[PDB]
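J.: Fold the following, please.
(9 chains, ligands or ions: 3)
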Amino acid sequence: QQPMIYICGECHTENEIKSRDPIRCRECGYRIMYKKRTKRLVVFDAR
Amino acid sequence: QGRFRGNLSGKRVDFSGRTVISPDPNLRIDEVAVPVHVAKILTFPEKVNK
Amino acid sequence: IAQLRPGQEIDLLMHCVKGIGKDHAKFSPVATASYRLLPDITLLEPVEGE
Amino acid sequence: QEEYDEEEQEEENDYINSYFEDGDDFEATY
Amino acid sequence: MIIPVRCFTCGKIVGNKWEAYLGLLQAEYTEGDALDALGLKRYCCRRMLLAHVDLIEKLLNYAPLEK
Amino acid sequence: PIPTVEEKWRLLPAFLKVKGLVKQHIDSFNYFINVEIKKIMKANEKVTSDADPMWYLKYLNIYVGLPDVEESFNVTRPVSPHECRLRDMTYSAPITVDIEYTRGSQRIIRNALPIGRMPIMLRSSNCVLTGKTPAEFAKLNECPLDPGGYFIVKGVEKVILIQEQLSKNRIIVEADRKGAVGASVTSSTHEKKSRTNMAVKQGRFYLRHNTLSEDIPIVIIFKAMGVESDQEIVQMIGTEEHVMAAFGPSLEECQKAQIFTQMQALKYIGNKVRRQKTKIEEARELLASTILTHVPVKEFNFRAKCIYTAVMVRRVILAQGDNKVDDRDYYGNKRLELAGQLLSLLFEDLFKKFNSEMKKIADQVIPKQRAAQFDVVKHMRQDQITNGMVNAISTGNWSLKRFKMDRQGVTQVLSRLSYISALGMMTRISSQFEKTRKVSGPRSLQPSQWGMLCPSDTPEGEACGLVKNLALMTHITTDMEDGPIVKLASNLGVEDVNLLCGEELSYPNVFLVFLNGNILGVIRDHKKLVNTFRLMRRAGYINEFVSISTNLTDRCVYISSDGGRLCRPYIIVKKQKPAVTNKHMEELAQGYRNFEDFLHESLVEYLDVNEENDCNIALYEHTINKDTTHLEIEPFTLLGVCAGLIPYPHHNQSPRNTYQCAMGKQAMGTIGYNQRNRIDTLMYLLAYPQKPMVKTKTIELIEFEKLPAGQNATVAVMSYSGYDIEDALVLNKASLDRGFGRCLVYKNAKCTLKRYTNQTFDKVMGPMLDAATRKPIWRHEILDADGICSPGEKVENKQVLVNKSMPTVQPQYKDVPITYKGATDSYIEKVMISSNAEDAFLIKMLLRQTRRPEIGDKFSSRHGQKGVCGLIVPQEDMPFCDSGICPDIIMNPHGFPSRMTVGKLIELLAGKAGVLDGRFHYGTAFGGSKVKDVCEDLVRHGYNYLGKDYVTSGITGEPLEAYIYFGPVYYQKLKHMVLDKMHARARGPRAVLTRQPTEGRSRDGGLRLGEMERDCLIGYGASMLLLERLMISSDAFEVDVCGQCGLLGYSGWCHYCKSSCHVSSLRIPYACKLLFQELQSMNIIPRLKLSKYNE
Amino acid sequence: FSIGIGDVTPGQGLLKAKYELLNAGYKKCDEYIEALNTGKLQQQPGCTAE
Amino acid sequence: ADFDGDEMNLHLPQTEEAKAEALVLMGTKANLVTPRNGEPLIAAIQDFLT
Amino acid sequence: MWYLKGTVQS
Ligand SMILES: [Zn+2]
Ligand SMILES: [Zn+2]
Ligand SMILES: [Zn+2]
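T.: Residues are numbered from 1 along each chain as shown, chains lettered A, B, ... in the order given. Ligands and ions are numbered 1, 2, ... in the order given. Below is the structure:
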């Protein structure tokens, strides 16, 4: 479907992981990635 | 962790709980308050009479 | 309210309703409402200058 | 009657266990 | 973290004077003088600004930045 | 009046800047990887084979580089500590050595040969985190306030606790159930520890050792050592009428036995000793360097050994018949051990093992060879050393067979609960004594320790003195040499022991010199000796860490120079006056004349525990007399780190002080500058931390005002309706709604997944859609399209976090999706996906939960007063006094006399005065501010002078008769909330071995009912209830038994008698039948006898 | 009902009341030392003079 | 109890016949005197006394 | 063999 967008922790590049590939970054040499925030609707109480 | 004084003497039982106590001078001498969450877990079986 | 940095965004929609101050402290219409008894200072004997 | 010690001969029971709470943070079932 | 919007005891809004208090501490003013000129009268809503640490500023240096 | 200098309080920061609090843990490692690493290298440098003497190995030099990581292939990049802490890696650096091996006929020198890795400290000299700036510390995602000093092994922080032990190379004289006994423990640089003891019974001395079978008279050992004439023996023993009458039995016993020559004595020793080469040779080698290893022998001369044994005999003679014994609780002799010496032993053992292993692999390949050249680089591995180090650090079980020692519980997980608990863990010191109830002396407070170990800082419970903490001013001496010391001693005019005879040592004027448990010689005029030695030490030629004392009871001078001693800086006085003046401190305030320059100008000096025994120290300057030798810098330094947070410690009582020291590490607060980046198992945060009004100088020394773990709140000490029970305290509903005491909990959930030896892998299903709508199923609701949960969502009870499918053996997969277990609904913060060192996928998730204070929470007053919440009082209550201020937390005045805490009222008063004026008041120990200048300042504003205010009750609406104590107080919130300390179980899982509820509240288990409560049920006389809740609701089983032959049958049928008539059934708990069927394997058949209960 | 710092306070006439007692105690204590030195304190019960 | 950090536990009888044995022997109103001395152990708390 | 982004239908 849509490529799963991931962000790095050193350069913060929005890349994508295709399938069973070495998990890394294409801009820097950092080997840890993070995830984006969900685009759903969450309910919070201000009490 | 044996069987003489570990299982026979211990013999831990179910249908129980433990919680921090709080003061409440609004009851009698033989009364105690039970939380709703704990009362929902505990069950007492009884036979139905007429 | 909050602090932001380059690469940050905050967007929300809040609902304002009617309530009384007994439910929550945010429904208090007055910041401070207090009273004081009137003082009284009564002398007994003529006092000296010093 | 031999000169023995109560501690090594008599093994520690639930009597000996002093139930006291301290901060100590940081099998087949069917 | 951040200055509370309202007081804890009475509930007076003291979150609208933190920047004013910061700007008043660099104009050759005394702590008590600045706190009395801000508008605080008693010690009910005066300890919220006097004894208050600012850690969100130190937490923004570790915040993710875009490049 | 005396000239006073109120400026010596700035010497303590200058002294702490160079070393002190936590820097010594790093100096112990920096000196270790620069000296001891080379010491063990020069220890084992040459190894040779046994097949043919042509092959040999040599070592040129060894060193350690910078922290590096070996990735996929031929890529070495600098790694960060946070990177290893997030990837669960290990912070280590390789060890580069220069080796030389002779293969074939020529010699090869291969430089830069890697042999293994080694862990590196967080704040070491070789690490990256050193000499940086806070702006650069923020770029590496590391807290600049982190003191460090721990090890990172597999993504956890491990700290090695300092352990205290008894000193070696010394003579101890103790008393036991029979009488007095002397002992000597010796341990040299090589691997041989010995413990000899001289015992006395019916006026006959005997020597006992581990290799000796029976006891041998000391006179026999004397004759065997080399002294032949019996007169010289008694001459060496002592020249006194009463020491000769006690040595008569030994002389007549030696005369009785046919032993008059050295050969006969050695033959007797050989016959007596048993070892599993004639008897004379083994008896001679047993006396040379076996019993006493700390006394070297040049060729075969036992003169020094004879002198030492004679001094020991004189000591045990002077001890017997008197009321003088030596105790082990004295801290002047007890030494400390850091993480350096343990690592030294471990590395030495590992290096010797590695040298002995490769020696054995290349000895059976040279004879049975097929080539002409043999390279040792190909037959080499670097995994054993790294694996051994990592396992020894992680497990913490130091097992050294070469040293023959086994220790457990040395390394512990660094507690990251708060900022004080993390620093206080580095100052914790554990003892070698086990959990013994009988011992009370070592646990009891000793008069020896003064300003070295904080008395108040100690855990409450079982360990009531076994765990101790260091003081603010404390330094551990490192290892040094003795060449220049003995040279200066010989130049002073010390006489050699080989010149004088045995009758001179008994002379009172004669004095003996002891240096690290070694007799240096005989000297006269010991006073001038000590004076000149102290002058030379103050000069700068000899190092400053050299202790020298004198003993008049024993008439000998002790010179201590071994590493691991306790010393704190002291100011020198000059006969009526301190050398430190105002002009010397003005320069320190300017920026010059630091602690080093003061030590080089003969202004201050270090003293040991035994060194301060022979000197007079004055507390203040008005107490300085003509006999005082040293002056205390600051008297508030005696308190510890956890004890420096208590306002007015002298005002409070010692039990309350200990309680507050124990609860200071329990209070939750801010951890550091990077708490959202780090992902630990359990983490607690506060919402709005306040600043303590009445702070301490120790607080500013550690900068605790930047990460406080508490909040200021208005307290009114008065009784309330019905919920002011001894420790119950009430809260304000309005303040709790405004946000007083809001806390957050953070839990970690980590999932690792890797490959196998075959082509079998793993995979994640992901979301599950139904046929009705295009929405995920209730089971996998938080699951995203990829297969992991999305951050910023809410997870309820019994919800799948990540889908994990594992192959059972095209292959059939079994679904094992991790399920979140919790009572409340948590929230997702972030998700991290990375690779481990074994090429395995690791997914970490941080779950947050915000909580509010409720009935059943534990709060503290930072004054040793812990209490549970009472009832939540609304805002219509909590009467105001004059302005409209409502009490935030009502305190009970009935617990004050029992606890006897006066510092709380003074704390409240000073806090009120400070918040009114607008400046923080100092409340340091043995000083601070008085109650007279603060009471007159509270009047200028317009309030009452001490504490009183007019309060009008809000419940009824009438003024109160008595006045109420109002003021701001610093409170703190602790752990053990009511939400977590609450569980119940009715019918859940059981065990398969014995049918009973499982242990623990996380596995849905029940509670245990022991004999403690069973005796109470028996005392009442109720038996039906006892069997109902030990047999009916615990384990109920039906078993069939035969009456003729008691045995266990089945379906009412016996297999022994082959008869269905005699049969019955009973209710027997599963435990009883379990024991009955388990006892049958011990050749025991329990035969029951069934009797008629009706008749 | 409440307690404050004013309840527990040294009295005016109390400071000099205990001062004289402490002075007399010290004046009686520093004499027994020289009494033991020169030889005094005839002891009735069987024990050590120390 | 100290009412500061105490954790007290609770049990629920399952058999109805044993429910009557804990009401007559293990009764709060019945057990008010102590067997050792013979004095009432349940009188009051310091607050009620004051 | 790693197989991700799976969507089963029922
Ligand atoms: Zn990147
Ligand atoms: Zn206020
Ligand atoms: Zn049978």
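
J.: Could you use CA atoms for every contact and neighbour count after this?
T.: Will do.

J.: residues touching the residue nearest the centre of chain C, list them.
T.: Nearest to the mean C-alpha position of chain C, counting by Cα atoms, centre = their mean, stands residue C:31 at 2.8 Å. Going by Cα atoms under 8 Å, 6 or more residues apart in numbering or on different chains, residue C:31 touches E:10, E:11, E:12.

J.: could you pull out the helices for chain D?
T.: Here chain D has its helices, by DSSP state H, at D:6-9.

J.: returning to what we had before: just among the contacts of residue C:31, which is most surrounded?
T.: Per-residue neighbour counts (other Cα atoms under 10 Å in any protein chain shown) across these peak at residue E:10, which has 23 neighbours.

J.: Give me the three-state assignment for the residue nearest to the centre of chain C.
T.: coil (DSSP: H, G, I helix; E, B strand; the rest coil).

J.: separation between it and residue E:10?
T.: Taking Cα to Cα, to the nearest Å as the measure, residue C:31 falls 7 Å from residue E:10.

J.: next one: residue H:45
T.: Using Cα to Cα, we find residue H:45 at a distance of 34 Å from residue E:10.

J.: And for residue F:942?
T.: Residue F:942 sits 21 Å away from residue E:10, taking Cα to Cα as the criterion.

J.: before we move on, back to that, kindly reformat the contacts of residue C:31 as a markdown table containing secondary structure.
T.: Shown next, in a markdown table, are the contacts of residue C:31 (three-state DSSP):
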| residue | secondary structure |
| --- | --- |
| E:10 | coil |
| E:11 | coil |
| E:12 | coil |
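
J.: who's in contact with residue F:121?
T.: Going by Cα under 8 Å, 6+ apart, residue F:121 touches F:26, F:29, F:127, F:148, F:149, F:150, F:151.

J.: and of the residues you listed, the nearest to chain A?
T.: In terms of Cα to the nearest Cα, no member of the contacts of residue F:121 lies closer to chain A than residue F:127, at 20.0 Å.

J.: OK, contacts around the closest one?
T.: If you count contacts by Cα under 8 Å, 6+ apart, residue F:127 has them with F:66, F:67, F:120, F:121.

J.: Point out the ones among those residues that are inside helices.
T.: Using DSSP H, none of the contacts of residue F:127 sit in helices.

J.: between those, which has the most around it?
T.: Neighbour count (other Cα under 10 Å) singles out residue F:120 as the most crowded of the contacts of residue F:127, with 26 neighbours.

J.: so that one sits right up against residue F:149, yeah?
T.: No - counting by Cα atoms under 8 Å, residue F:120 sits too far from residue F:149 to count as a contact (9.9 Å).

J.: Apart from its chain neighbours, what residue comes closest to the residue of the stretch 101-250 of chain F found nearest ligand 2?
T.: Taking Cα to the ion, ligand 2 has its nearest neighbour within the stretch 101-250 of chain F at residue F:145, 33.0 Å off. Once flanking residues are discounted, residue F:145 sits nearest to residue F:672: 7.2 Å by Cα to Cα, 6 or more residues apart in numbering or on different chains.

J.: Residue F:1025: how many residues sit nearby?
T.: By the criterion of other Cα under 10 Å, residue F:1025 has 22 neighbours.

J.: How about the contacts made by it?
T.: H:13, H:18, H:19, H:21, H:22.

J.: List buried residues within those.
T.: The neighbour count (16 or more other Cα atoms under 10 Å in any protein chain shown) marks H:13, H:18, H:21, H:22 as buried among those.

J.: In a helix, the residue of the stretch 101-250 of chain F closest to ligand 2, correct?
T.: No - assignment of residue F:145 by three-state DSSP gives coil, placing it outside any helix.

J.: Count the neighbours of residue 1 for me.
T.: In the absence of a named chain, this looks at chain A. 5.

J.: wait, I meant chain I there
T.: By other Cα under 10 Å, the residues close to residue I:1 number 11.

J.: Ok, the one 5 residues further on next?
T.: Per other Cα under 10 Å, the neighbour tally for residue I:6 reads 14.

J.: From chain C, how far off is it?
T.: Note on residue I:6: its distance to chain C, by Cα to the nearest Cα, to the nearest Å, is 32 Å.

J.: Just confirm that residue contacts residue F:783, I think it does.
T.: No - judged on Cα under 8 Å, residue I:6 makes no contact with residue F:783 at a distance of 11.6 Å.

J.: So which bits of chain C are right by chain F?
T.: Contacts of chain C with chain F, taken as Cα under 8 Å from any Cα of the partner chain, map to C:24, C:25, C:26, C:32, C:33, C:34, C:36.

J.: so which helix or strand takes in residue 3?
T.: No chain was given, so I picked chain A. Residue A:3 is located outside every helix and strand, with elements delineated by DSSP states H and E.

J.: Look up the closest residue to it, ignoring the ones flanking it.
T.: Closest to residue A:3 by Cα to Cα, 6+ apart is residue A:16, at 5.8 Å.

J.: How about residue F:433?
T.: Closest to residue F:433 by Cα to Cα, 6+ apart is residue F:466, at 7.4 Å.

J.: And for the one you found, the neighbour number?
T.: When neighbours are defined as other Cα under 10 Å, residue F:466 has 19 of them.

J.: And for the residue in chain C positioned nearest to chain A, nearest residue in space, chain neighbours not counted?
T.: For chain C, the residue closest to chain A is residue C:24, as judged by Cα to the nearest Cα, at 7.5 Å. Spatially, and ignoring its direct neighbours in sequence, residue C:24 is nearest to residue F:737 (6.9 Å; Cα to Cα, 6+ apart).

J.: Just give me the residue right at the centre of chain D.
T.: Short answer for chain D (Cα atoms, centre = their mean): residue D:12, at 4.3 Å.

J.: Could you measure from that residue over to residue D:6?
T.: Distance from residue D:12 to residue D:6, by Cα to Cα: 10 Å.

J.: At the geometric centre of chain F, which residue sits there?
T.: residue F:161 (3.1 Å).

J.: That one contacts residue F:431, correct?
T.: No - using Cα under 8 Å, residue F:161 is not in contact with residue F:431; the gap is 9.7 Å.

J.: who's in contact with the closest residue to ligand 3 within chain D?
T.: Residue nearest to ligand 3 within chain D (Cα to the ion): residue D:30, separated by 32.8 Å. Applying Cα under 8 Å, 6+ apart, we find residue D:30 in contact with F:989, F:990, F:991, F:992.

J.: so which of those residues comes closest to residue B:44?
T.: Using Cα to Cα, residue F:989 comes nearest to residue B:44 of the contacts of residue D:30, at 19.2 Å.

J.: Run a quick neighbour tally on the closest one.
T.: Using other Cα under 10 Å: residue F:989 sits among 18 other residues.

J.: I'd like the distance between it and chain H.
T.: For residue F:989, the distance to chain H (Cα to the nearest Cα) stands at 19 Å.
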